[PDB]
Amino acid sequence: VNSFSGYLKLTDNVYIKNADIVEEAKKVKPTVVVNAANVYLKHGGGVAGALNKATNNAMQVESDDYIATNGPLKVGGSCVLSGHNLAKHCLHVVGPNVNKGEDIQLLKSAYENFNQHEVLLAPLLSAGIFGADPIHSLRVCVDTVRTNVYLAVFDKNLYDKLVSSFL
Ligand SMILES: O=C(O)c1cnc2ccccc2c1
């Protein structure tokens, strides 16, 4: 049994809810929240900016030190950093950004990072300002992630479309 509440069941391991991811993290304090990161861990907009703002910029300070030491992530890759006030850990995952011309086949590689964690709170990778089709992102998620994933969809309209169209 876990703390996640109100989630619509999709499969054996994937759950979905219309939720503000900052607000969900603040309430649950999950072991792992996933950030929709870029390779530079520059948390300007979307989920990354929202999450970072909720940490009072401490996520960005930590991220800048990580990049200064390790250099950029790979598209499809990830790193584990602090969850600050939101979670125990933040898994920063880089899905391909269609608005930069990145290979959408890298979306499966991105989701494979989730399998290293038994339970996660996450957004749909490569959705929103990353430019991918969220219906596609949900399909790749269900077909790739084997661990227990609780997906927070920001748009109520999109949430309803994802549920209604789910095979
Ligand atoms: O899911 C997103 O794309 C997203 C974008 N903006 C946000 C702003 C505040 C809180 C959550 C957000 C989530």
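The first residue of the sequence shown is numbered 1, and numbering continues consecutively from there.
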Report task. Apply side-chain contact (heavy atoms from CB on, under 4.5 Å) to the pair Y111 and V149, showing each step before the final yes or no. Result -> CA-CA 11 Å; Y111 274 116; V149 57; over 6 Å; no
Report task. Under the side-chain contact (heavy atoms from CB on, under 4.5 Å) rule, what do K42 and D64 come out as? Steps first, then yes or no, please. Result -> CA-CA 8 Å; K42 286 171 57 93; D64 290 346; 5.6 Å; no
Query raised in the report: Do you know the tightest heavy-atom contact between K108 and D143?
Result: NZ-O, 3.3 Å
Query raised in the report: Can you list every side-chain hydrogen bond (donor to acceptor under 3.5 Å, both in side chains) pair that touches residues 121-132, not counting sequence neighbours?
Result: none
Query raised in the report: Would you say the side-chain atoms of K88 and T31 include a donor-acceptor pair closer than 3.5 Å?
Result: no
Query raised in the report: Counting N and O atoms only, with roles assigned by atom type, does the side chain of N113 sit under 3.5 Å from a partner on the main chain of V93, one being a donor and the other an acceptor?
Result: no
Query raised in the report: Is a side-chain N or O of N115 found less than 3.5 angstrom from the main chain of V145, in a donor-acceptor match?
Result: no
Query raised in the report: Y150 vs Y7 aromatic rings, parallel, tilted or perpendicular, using cut-offs 30° and 60°?
Result: perpendicular
Requested in this report: Go through the steps to decide whether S82 and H89 satisfy the test side-chain contact (heavy atoms from CB on, under 4.5 Å), and finish with yes or no.
Outcome: CA-CA 5 Å; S82 180; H89 304 286; over 6 Å; no
Requested in this report: Would you mind listing the cluster partners of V94? Hydrophobic ones only (ILVMFWY), side-chain contacts under 4.5 Å, chaining allowed.
Outcome: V39, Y40, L41, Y66, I67, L73, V75, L81, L106
Query raised in the report: Could you walk me through whether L91 and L120 pass the side-chain contact (heavy atoms from CB on, under 4.5 Å) check?
Result: CA-CA 9 Å; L91 180 72; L120 315 87; 4.0 Å; yes
Report summary line: Smallest heavy-atom separation, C90 atom then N35 atom, equals SG-CB, 3.6 Å
**Report entry** Closest non-hydrogen atom pair, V22 against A54
**Finding:** CG1-CB, 3.5 Å
Query - Heavy-atom pair of closest approach, residues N97 and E102 - result: N-OE1, 2.8 Å
Query raised in the report: With sequence neighbours excluded, what pairs up with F154 under the ring pair (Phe, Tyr, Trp, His ring centres under 6.0 Å) test?
Result: none
Report task. Step through the shown structure and confirm whether more than 12 heavy atoms of other residues, nucleotides or ligands are within 6.0 Å of CG on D12. Result -> no
Report task. Specify the closest pair of heavy atoms between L125 and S137, including all atoms of both residues, with the distance to one decimal. Result -> O-OG, 2.6 Å
Requested in this report: Just jot down the ring pair (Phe, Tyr, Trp, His ring centres under 6.0 Å) partners of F130, sequence neighbours excluded, or say none.
Outcome: none
Query raised in the report: In this structure, are over 12 heavy atoms from other groups packed under 6.0 Å from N57 atom CG?
Result: yes
Report summary line: Sorted by chain and residue number, the salt bridge (charged side-chain N to carboxylate O under 4.0 Å, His left out) partners of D65 (sequence neighbours excluded) come out as none
Report task. Identify, with sequence neighbours excluded, every residue that meets side chain to side chain donor-acceptor pair (under 3.5 Å) alongside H84. Result -> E62
Query - ILVMFWY network linking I129 to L124, side-chain heavy atoms under 4.5 angstrom - result: no
Query raised in the report: If every non-hydrogen atom of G6 is compared with every non-hydrogen atom of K17, which pair is closest and at what distance?
Result: O-CG, 3.8 Å
Report task. Using modelled atom types only, decide if a donor and an acceptor are shared between the side chain of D103 and the backbone of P96 within a distance under 3.5 Å. Result -> no
**Report entry** Atom pair CG/CD of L151 and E24 - distance to nearest 0.5 Å
**Finding:** 11.0 Å
